[PDB]
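In our numbering, the protein residues as written are 116 to 473. Input: a single structure, listed below in structure tokens.
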Amino acid sequence: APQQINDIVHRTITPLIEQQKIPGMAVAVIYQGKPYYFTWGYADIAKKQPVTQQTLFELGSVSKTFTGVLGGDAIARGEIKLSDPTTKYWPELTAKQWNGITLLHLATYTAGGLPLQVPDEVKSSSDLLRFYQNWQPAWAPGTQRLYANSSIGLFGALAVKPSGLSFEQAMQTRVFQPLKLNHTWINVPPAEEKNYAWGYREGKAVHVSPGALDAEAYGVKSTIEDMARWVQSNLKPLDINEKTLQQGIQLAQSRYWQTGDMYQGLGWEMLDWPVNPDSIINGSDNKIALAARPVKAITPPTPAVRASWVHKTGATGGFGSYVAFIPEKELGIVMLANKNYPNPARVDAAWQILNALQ
Ligand SMILES: *[B]([O])([O])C1=[C]N(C2=[C]C(Cl)=N[C]=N2)N=[C]1
């Protein structure tokens with residue numbers, strides 16, 4: 116890398132790893148559209164395996180950006196509409212509270228208080244039906260945002276129904292393959308296990324456990340190289356050859372709802388650039404990000420704004436991830452770590468790096 120990129124990345128990330136006691140970390144900076152990679156520490160402390168550019172990390176809720184884009188592609192294919200009722204794709208969902216709740220509301224956490232987690236008790240497809248049939252909204256649809264796996268996860272499951280493909284097969288064929296993300300997995304294959312980092316929670320080595328709607332809400336694993344290519348594709352969608360995927364990317368960065376200075380996309384969240392660093396840093400703390408907040412509809416949604424800070428945090432029990440990019444500047448960053456450390460620290464580091472390069 117250019118010395119300037121090397122210096123800022125090292126000066127920011129080294130103290131971060133020390134302060135947060137992060138075992139292993141990988142970072143990619145996309146600068147003028149080209150990726151530069153950095154790695155530190157251990158993918159597996161016990162076995163002394165270093166983090167490399169091929170190490171797989173659990174992306175946690177950064178997975179929601181893939182779900183958002185896959186749903187976008189399904190809209191662009193004419194398979195689904197965001198204005199369609201949820202019941203069009205799940206006719207057994209007959210309970211009356213669902214009248215008025217559309218795929219838009221599911222994709223954007225605005226259905227009226229679907230919960231952050233699907234209950235652990237829910238396993239089977241019939242367990243899921245019963246959970247959604249019995250769920251009671253706190254609020255009318257399209258009035259309040261409450262970030263929720265049970266919301267976007269159901270969107271991802273329904274979005275692929277008309278294709279007839281399983282969610283994983285759809286993601287593989289329609290998103291990962293066309294973008295050449297050949298080391299990004301919903302289920303890590305045996306051949307790639309040697310590269311799968313452990314996560315660390317309270318000093319214990321851990322991987323994510325199976326759960327309902329896991330693939331759709333938090334289940335993607337990827338390397339720093341593939342995540343850089345993910346950022347390049349979302350920075351410059353018009354260079355993607357597959358037409359519906361190009362559109363699906365653009366649709367996922369449309370602005371559907373506003374709360375404070377943030378806009379809700381499909382998976383992605385966006386703010387006008389230049390941003391107030393306090394606004395994104397403080398806003399990323401779970402005390403704000405997981406809170407129930409009134410939303411203003413953006414009628415109609417604003418198509419992808421190039422002058423935006425587009426981002427998503429992600430975590431699992433043992434991993435912490437962050438992606439941000441600014442289309443107008445051809446600039447972005449991916450940070451993957453195998454410890455779940457506080458969101459504001461991630462965002463502070465990313466802003467320090469991107470602000471210095473912008
Ligand atoms: B996301 O905000 O990172 C996210 C991840 N999870 C989650 C849930 C379960 Cl049961 N297991 C791992 N991760 N929820 C939200």
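Don't be surprised by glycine CBs; every beta carbon is placed ideally from N, CA and C.
Quick one: what's residue i bridged to in DSSP?
i, result
"residue 387", "423"
"residue 133", "BP columns for residue 133 are empty, so no partner."
"residue 143", "152, 449"
"residue 336", "173, 300"
Among residues of its own chain, excluding the 5 on either side of residue i, which ones have a beta-carbon nearer than 6 Å to its beta-carbon?
i, result
"residue 360", "188, 293"
"residue 421", "442, 443"
"residue 228", "252, 253, 254, 261"
"residue 429", "174, 175, 176, 177, 436"
"residue 151", "116, 120, 144"
Consult DSSP for residue i and reduce its assignment to one of helix, strand or coil.
i, result
"residue 154", "strand"
"residue 331", "helix"
"residue 262", "coil"
"residue 359", "helix"
"residue 410", "coil"
"residue 317", "coil"
"residue 429", "strand"
"residue 165", "strand"
"residue 128", "helix"
"residue 370", "strand"
"residue 160", "coil"
"residue 456", "coil"
"residue 436", "strand"
"residue 379", "strand"
"residue 416", "strand"
So the candidates are the options; which of them puts its Cα closest to the Cα of residue i?
i, options, result
"residue 193", "244, 126, 320, 362", "362"
"residue 316", "139, 163, 403", "139"
"residue 210", "174, 178, 247, 176", "247"
"residue 383", "185, 157, 150", "185"
"residue 376", "221, 386, 245", "386"
"residue 322", "156, 312, 350, 412", "312"
"residue 373", "449, 241, 257, 427", "257"
"residue 297", "414, 171, 118", "171"
Using a Cβ-Cβ cut-off of 7 Å (strictly less than) and excluding sequence neighbours within five positions of residue i, which residues of its own chain qualify?
i, result
"residue 266", "221, 224, 226, 229"
"residue 295", "344"
> Is the region 298-310 in contact with the region 212-219, if contact means three or more CB pairs nearer than 8 Å?
Replying inline: no
>> Assess contact between the region 363-372 and the region 406-426, defined as three or more Cβ pairs (one per stretch) separated by less than 8 Å. Is contact present?
In response: yes
> Does the region 455-463 come within contact of the region 121-138, defined as at least 3 CB pairs closer than 8 Å?
Replying inline: Output reads yes: the region 121-138 touches the region 455-463.
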